[PDB]
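Q: Next up is a structure, given as structure tokens.
Heads up, the Cβs are rebuilt from the backbone with ideal geometry, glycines too, and the neighbour counts pull from every protein chain shown. Bear in mind these aren't lab numbers, they're just calculated from the coordinates by the rules spelled out.
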């Protein structure tokens, strides 16, 4: 139940702050030039916003390595 990054590709809980929790589809898209991100949440936790754990995603069909060309890839 850690929704914020899980929300990157799941339009439900529109929230983001600081790190932005861009970890999933947003990050995989531009950085590893993946096809999509799998926005799942850490099921072991149920955390209500400002989820400092909620950086968890698979970059599907990631075509590149960690890349720096995008400001949203700076992390």
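Q: Ordered by packing density, taken as the mean number of other Cβ atoms within 10 Å over each peptide's residues, highest first, how do 56-65, 15-24, 40-49, 2-11 rank?
A: The most tightly packed comes first, giving 2-11, 15-24, 56-65, 40-49.
Q: Compute the normalised compactness of the chain: alpha-carbon radius of gyration over 2.2 N^0.38 Å, N being the residue count.
A: For the chain, the normalised Cα radius of gyration comes out at 1.03.
Q: Here is a further query. Given Cα pairs under 8 Å that are at least 6 residues apart, what percent is the relative contact order of segment 12-63?
A: The normalised contact order for segment 12-63 reaches 44 percent.
Q: Using helices alone, I'd like the mean residue ellipticity at 222 nm for the chain: each DSSP H run of four-plus residues gives -39500 (n - 2.57), total over residue count, nearest 500.
A: It comes out at -2500 deg cm²/dmol, rounded to the nearest 500.
Q: Continuing with this model, one more query. Could you give the nm distance between label points at residue 19 and residue 75, where each point is 7 Å from its Cα heading toward the beta carbon?
A: 0.6 nm
Q: Please compute the modelled spin-label separation between residue 60 and residue 47, points set 7 Å along Cα→Cβ, answer in nm with one decimal.
A: Placing both labels 7 Å along Cα→Cβ, they lie 2.5 nm apart.
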